[PDB]
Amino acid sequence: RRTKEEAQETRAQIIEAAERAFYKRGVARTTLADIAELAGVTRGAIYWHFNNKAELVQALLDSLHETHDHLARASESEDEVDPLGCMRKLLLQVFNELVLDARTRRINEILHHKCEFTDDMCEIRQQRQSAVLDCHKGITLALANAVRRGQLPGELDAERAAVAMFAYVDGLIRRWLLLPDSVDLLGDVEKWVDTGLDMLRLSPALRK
């Protein structure tokens, strides 16, 4: 109809086909030409939207923020009266979306288990570094806010606590992707979130 609307539809068809192809065959051996054929678009069209497969990987990775942005910004705001509470809701939502949404599950499985870091495509590792560094910044801000509001210990090492928490969450996600039946991540989602928050609130090793 209109150029932009047609372009948005094409882009979304490609991204969806990229998910399916990376998920079955992996990033290393999938080409844009392969994804174009699975999306039912021309090679000219796919290369118009994405210059290389690293950009297509980044589009998938960037798409994981959208759902959580509301709660993340709230937990990071200094004006929030209950920053720790926003973090808990954020973490529940992170796990809930991972188990229930096929798309989110698929993308995380791509990023964890179907995407390699090779100097052949150095930007895949550089983008991952940027993404994690950025999430670390946000976590540190929300923990520092929680400390200032009396919700976490006064001498918490916010930086180290932020690493601890991300490690725990990232490991649990990867474990659930590898062995879903090993973890009732949905039925016990509150215990899994609270286990991680307990570490930050109670461990003396995380204090200055």
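Between two forms, the rigid core is the largest collection of C-alphas that superpose within 1.5 Å. Numbers for residues come from their place in the sequence shown, where the first is 1.
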property: Divergent stretch in 4 other deposited structures of this protein, 37-45 or 161-169 [C-alpha RMS, superposed by the core]; result: 37-45
property: Greater Cα displacement in 4 other deposited structures of this protein once the core is superposed, comparing 170-178 with 46-54; result: 46-54
property: Of 39-47 and 165-173, the stretch whose C-alpha atoms average the higher B-factor in the entry; result: 39-47
property: Higher-scoring stretch by recorded Cα B factor average, 180-188 or 194-202; result: 180-188
property: Selection from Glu116, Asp79, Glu97, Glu109 [criterion: highest C-alpha temperature factor in the record]; result: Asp79
property: Position of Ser130 among the chain's modelled residues by C-alpha B-factor, lowest, middle or highest third; result: middle
property: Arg73 CA temperature factor, ranked by third within the chain; result: highest
property: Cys86, C-alpha B-factor rank within chain (lowest, middle or highest third); result: middle
property: Assigned third (lowest, middle, highest) for the C-alpha B factor of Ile139; result: middle
property: Third of the chain, ranked by Cα B-factor, where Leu156 sits; result: middle
